[PDB]
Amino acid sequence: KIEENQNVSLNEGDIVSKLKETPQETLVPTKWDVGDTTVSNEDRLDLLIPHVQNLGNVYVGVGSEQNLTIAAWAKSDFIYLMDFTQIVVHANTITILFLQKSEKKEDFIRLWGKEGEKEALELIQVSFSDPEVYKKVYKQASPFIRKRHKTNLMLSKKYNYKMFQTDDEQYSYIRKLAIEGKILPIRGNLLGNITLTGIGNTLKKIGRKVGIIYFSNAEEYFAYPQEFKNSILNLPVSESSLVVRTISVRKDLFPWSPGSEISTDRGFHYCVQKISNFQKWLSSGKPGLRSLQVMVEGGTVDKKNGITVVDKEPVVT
């Protein structure tokens, strides 16, 4: 029925359908399928604003609501939320449903909150054939999501910045993407061989580019393997496109940002890097290369605020 077609042109509807069908990986339950995993503990994302604002293009990120914060600043055209833990993928699916139904930012906060829990669970009940999958995720994730929402409000005032939960215009931008089907939770491991490569192939097919890829501190868990190198090299990117990451080691070189202590006692230092620059590091063949070494060798560090730009390139041994 075309009178229920949300997209503003045939072309945008065709793009959304193509994005939705990008290949995914099979996830199975793990120890990370707990509510703790559904929130960020990075308290100084506002340091990213001057780097990511207005980058546009496509957004790809691991994790949860912090991606919507960064994508609103960037004015991303489409948002892939790619994660390897089922609870994260499903909690993001709930967040998108709540955005679609919540006309104002307070309504969204309320549905995730204690006040809106009864209404939220009734909305989940009518929205799926298997709603209990999502009701269980809501009940696991909501205590953590509520705490993080209250922290985000505090941080937005403490550091005097706008973010999608505290600013009407940024909220409306994210809600518009949600309504249009442009926020896509997908199953994929950064170290897998289907999903992340598939994003690059899908974007190539539709003639679009990645503007931001967000890793959180996921790279702290691995030396870069071949499948990750291939998938990052395969991404179509803009000249201005950025990696966003955090680290939590070598704080002598990479001091943790002031204010990091609200949500964690370990971390974080923030880091941006052009994706084209990152593709050089990944192609270099440095044995055992990890994000820390990329930053040690390639980073220009703001030690006061705790943010690095990797603007230098690998030097051959």
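Just count from 1 along the sequence shown to find any residue number.
Set 229-237 against 89-97 and average the Cα temperature factors; 229-237 ends up higher. Taking the mean C-alpha B-factor of each stretch as recorded, 60-68 and 249-257 are not equal, and the higher mean is that of 249-257.
Taking only the listed residues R146, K105, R187, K157, the entry reports the highest CA temperature factor at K157. Residue-level temperature factors show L45 in the lowest third of its chain, judged at the C-alpha atom. For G211, the recorded CA temperature factor ranks within the lowest third of the chain's modelled residues. Placement of the Cα temperature factor of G116 within the chain: highest third of the modelled residues, per the deposited record. In the PDB entry, a CA B factor belonging to the lowest third of its chain's modelled residues is recorded for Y270.
Among the modelled residues of the chain, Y80 sits in the lowest third by CA temperature factor in this PDB entry.
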